[PDB]
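S.K.: Okay, here's the structure, questions in a sec.
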Amino acid sequence: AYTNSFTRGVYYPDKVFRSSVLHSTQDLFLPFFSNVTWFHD
Amino acid sequence: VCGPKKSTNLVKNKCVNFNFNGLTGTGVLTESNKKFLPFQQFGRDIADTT
Amino acid sequence: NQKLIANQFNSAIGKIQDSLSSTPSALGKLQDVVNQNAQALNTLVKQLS
Amino acid sequence: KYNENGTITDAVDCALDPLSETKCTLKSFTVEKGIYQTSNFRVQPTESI
């Protein structure tokens with residue numbers, strides 16, 4: 001089984017406080033709208 | 001596995017050389033009205049400055 | 001034709017006021033200058049790191 | 001996109017689509033009308049002779 005990840009899987013990169021700013025960071029993330037495996041096993 | 005870490009009394013409203021865990025710098029420490037997340041330790045400005 | 005000219009001038013200044021209030025791209029030059037200065041300063045700060 | 005309370009309200013994947021690449025390269029959450037240089041297409045070699 002397969003399904004759509006949509007926009008889930010985002011976690012805070014680090015324990016840094018930021019207010020009302022846009023931050024571009026590169027790290028391990030779940031791709032948006034990716035195909036994720038569904039198990040029922 | 002590491003030994004004990006020394007601690008010193010806190011000083012406000014005075015230019016001091018501060019060392020909080022791994023963050024080192026020099027400046028004046030004042031009371032803050034901001035709110036941090038429970039897991040967050042320090043805040044950074046828009047110019048990558050603590 | 002004094003009255004017509006006066007009325008036309010008043011309507012024109014009103015239209016200028018409305019255009020300034022509505023159009024945000026009218027002041028593009030000053031905003032561009034300020035943005036360029038901010039970008040230069042931020043680039044310098046980033047290069048410091 | 002961090003809020004004022006330190007939480008994130010939205011995220012953009014740079015490699016999702018050309019629009020997302022534009023969003024990343026402008027470093028802004030809203031893209032204004034126009035044209036923006038985003039990437040650089042380069043044909044890669046396939047064989048070694």
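Naming scheme: A, B, ... for chains in displayed order of the structure tokens; residues 1 onward per chain; ligands 1 onward as shown.
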List every residue of chain B that has an atom at most 10 Å from any atom of chain C, and for each one report the closest atom pair and its distance in Å to one decimal, counting only C-alpha atoms, with rows sorted by chain and then by increasing residue number, as a tab-separated table.
M.R.:
```
residue	atom	partner	partner_atom	distance
B:46	CA	C:42	CA	9.0
B:47	CA	C:42	CA	6.5
B:48	CA	C:46	CA	7.5
B:49	CA	C:45	CA	9.1
```
S.K.: Using only C-alpha atoms, I'd like every residue of chain D that has an atom within 10 Å of chain A; please write them out as a ChimeraX atom specification.
M.R.: /D:1-8,10-16,24-25,27-29
S.K.: What residues in chain B lie within 9 Å of chain A, counting only C-alpha atoms, written as a list in words?
M.R.: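 The selection requested is residues 35, 36, 37, 39, 40, 41, 42, 43, 44, 45 and 46 of chain B.
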S.K.: Write out, as a compact mmCIF listing (two decimals), in the first residue's frame, the residues just selected, with N, CA, C and O atoms.
M.R.:
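out-v3.txt, written as the output of this step:
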```
# COMPACT_ATOMS: atom_id res chain seq x y z
N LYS B 35 9.54 35.10 25.08
CA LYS B 35 9.13 33.78 25.55
C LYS B 35 9.81 32.73 24.67
O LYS B 35 9.71 32.78 23.44
N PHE B 36 10.48 31.78 25.30
CA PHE B 36 11.16 30.70 24.59
C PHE B 36 10.33 29.43 24.64
O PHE B 36 9.54 29.20 25.56
N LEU B 37 10.52 28.59 23.63
CA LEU B 37 9.95 27.25 23.66
C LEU B 37 10.67 26.42 24.72
O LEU B 37 11.83 26.67 25.04
N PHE B 39 12.07 23.53 24.79
CA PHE B 39 13.30 22.88 24.37
C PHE B 39 14.35 23.84 23.85
O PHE B 39 15.52 23.45 23.72
N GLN B 40 13.99 25.08 23.55
CA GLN B 40 14.94 26.04 23.00
C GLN B 40 15.83 26.60 24.09
O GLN B 40 15.40 26.81 25.22
N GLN B 41 17.09 26.86 23.74
CA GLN B 41 18.08 27.35 24.68
C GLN B 41 18.44 28.81 24.47
O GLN B 41 18.56 29.56 25.44
N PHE B 42 18.63 29.24 23.22
CA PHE B 42 19.01 30.62 22.96
C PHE B 42 18.36 31.07 21.66
O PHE B 42 18.02 30.26 20.79
N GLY B 43 18.19 32.39 21.54
CA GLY B 43 17.54 32.99 20.39
C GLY B 43 18.53 33.73 19.52
O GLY B 43 19.51 34.31 20.01
N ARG B 44 18.27 33.72 18.21
CA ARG B 44 19.16 34.33 17.24
C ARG B 44 18.41 35.38 16.44
O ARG B 44 17.22 35.21 16.15
N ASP B 45 19.09 36.46 16.10
CA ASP B 45 18.49 37.55 15.35
C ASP B 45 18.48 37.23 13.86
O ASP B 45 18.94 36.17 13.42
N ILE B 46 17.97 38.17 13.06
CA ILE B 46 17.87 37.97 11.62
C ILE B 46 19.22 37.98 10.93
O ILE B 46 19.30 37.58 9.76
```
S.K.: List the neighbours of residue 40 of chain D out to 12 Å using only C-alpha atoms; skip same-chain residues closer than 3 positions along the sequence, and give me the result as a list in words.
M.R.: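 The neighbour list is residues 21, 37 and 43 of chain D.
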